[PDB]
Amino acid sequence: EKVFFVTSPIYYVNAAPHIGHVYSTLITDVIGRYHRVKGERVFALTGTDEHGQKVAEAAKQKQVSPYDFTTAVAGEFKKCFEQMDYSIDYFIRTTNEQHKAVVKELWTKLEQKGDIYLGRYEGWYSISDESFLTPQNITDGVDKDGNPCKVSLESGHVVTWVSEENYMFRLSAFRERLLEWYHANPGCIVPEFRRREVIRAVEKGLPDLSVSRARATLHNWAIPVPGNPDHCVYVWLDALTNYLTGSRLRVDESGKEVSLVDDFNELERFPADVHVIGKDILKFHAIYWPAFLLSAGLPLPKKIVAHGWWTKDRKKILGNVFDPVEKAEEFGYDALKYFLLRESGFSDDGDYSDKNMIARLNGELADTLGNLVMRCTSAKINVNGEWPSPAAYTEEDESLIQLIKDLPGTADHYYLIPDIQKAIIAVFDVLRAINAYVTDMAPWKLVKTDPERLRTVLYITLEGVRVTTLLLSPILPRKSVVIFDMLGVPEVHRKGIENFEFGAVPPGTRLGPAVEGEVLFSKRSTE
């Protein structure tokens, strides 16, 4: 056992935070929350990528110091994530002095291993992606002016020709070991088609990789190469190292880093159990990073999960915004999170209209979950305001019980893939089954007609709501608490695999107090 270590990418601070960053960090957050619910030690990590030409030039364009610009924008990222109400354990910044030391330490290992030489890069480079590209991965496009230029096929951003004496990492020498790693861990990249992409790309051959740049090109906004002040460390080698840095930082109660340990084993976090990333940055994580780790003799991550990129009303996000805080203030924080995790799987296919948002809010959160919670806690149905003791189970009772008992196992596998969408769907399939059982039994009639039968129906329903809610708690962290409070579930029973079990809450447990205008999810007007 070790600390379950989950990460998000660290984001460029060239501009203000937006939905892409909020989405990636949310996924990271949800994975961490699920493992805490299982009672595991978790360290969840996010942060900002603050060096490089991209960032330094964005600061120049605003006519501000790189130190002042990065600090200000990093501040906006922290404020946004705070407001999004994640449970991230640490926010790292690559300008941190302790991160810097770790980067120099990793570089030195790579050099001492013989995997870094002085050579030349002569080729295309995308500043906006901080990415080296071959002629096969560029094409014709236009400037900011509208003059003809070359652009990345990858991303569409302008590319430039670089010809510089650079320190080069021997990535070509790691091809075989990388292929061995992919084939021996066929779950290590998710989803499967991105795993195939990576293997196909590495099968073709790998060139060596420039890991430094001449200091002027960078506007001196980068980590100097140890032993050679004319060169700065490639922003991506610096950036990827944040995962190692974060694995080695002791953090105090307020979230401040207070100490860098010498050895990752001391904190038991490294290597990451899951790196959450966008598809745009797959090669850095699935090819370069494991190669750096193999060179350094460090263990490799267990999973890399790469999600897709987004649209609002089937259009690129100018004249089309999606501010997550404003949407969350509009429809709800947990509701917005549910929507983002339910609507998209590993694709760009998601309908992010306010229409579809309202349809899921009303249909799934309000009509399926909320209505159910209200039914089984209603004083008109649950006359004694408690968990009743069930009488004998019918076959129908048992079919539903069986679904509830099976759910934790199924949801668990989905959370570990990870495929959060599938986990949510599984839980809601069980919520729908519970609703249909309740409709079929009509407990409102049973109050008058067979109060004994009602004890059974009502107990099964409460327990189905409790289990589904426990498994939804990583997705609806605030609302799950409210639900548990309404059900009167003691704190101890709100986490731990012990409580995945059917029957964990005893009969006789009292419900929470009923507030005057109780409303868990408010249906919105279709507009």
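Residues carry their position along the shown sequence, with the first being 1. Rigid core here is just the name for the largest C-alpha set that superposes within 1.5 Å across the two forms.
- Core-fitted comparison in 9 other deposited structures of this protein shows that, between 78-86 and 320-328, the CA atoms farther from the shown form belong to 320-328.
- Two stretches, 303-311 and 406-414, are weighed by how far their CA atoms sit from the shown form in 9 other deposited structures of this protein after rigid core superposition; the farther one is 303-311.
- Missing deposited residues between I317 and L318: 1 to 3, all without coordinates in the entry.
- Look at the mean CA B-factor for 355-363 and for 243-251 in the entry; the higher one is 355-363.
- The stretch 497-505 shows the higher mean C-alpha B-factor when 41-49 is compared against 497-505 in the entry.
- Taking the PDB entry at face value, the top CA B factor among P451, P299, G278, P418 belongs to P451.
- Which of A222, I116, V142, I401 has the largest Cα B-factor in the deposited entry comes down to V142.
- The PDB entry assigns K380 a C-alpha temperature factor belonging to the highest third of its chain's modelled residues.
- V482 sits in the middle third of its chain by CA B factor, as recorded in the PDB entry.
- Per the PDB record, residue ranking by Cα B-factor puts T28 in the lowest third of the chain.
- When the CA B factors of the chain's modelled residues are split into thirds, the value for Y234 lands in the lowest one.
- In the deposited entry, the Cα temperature factor of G464 places it in the lowest third of its chain's modelled residues.
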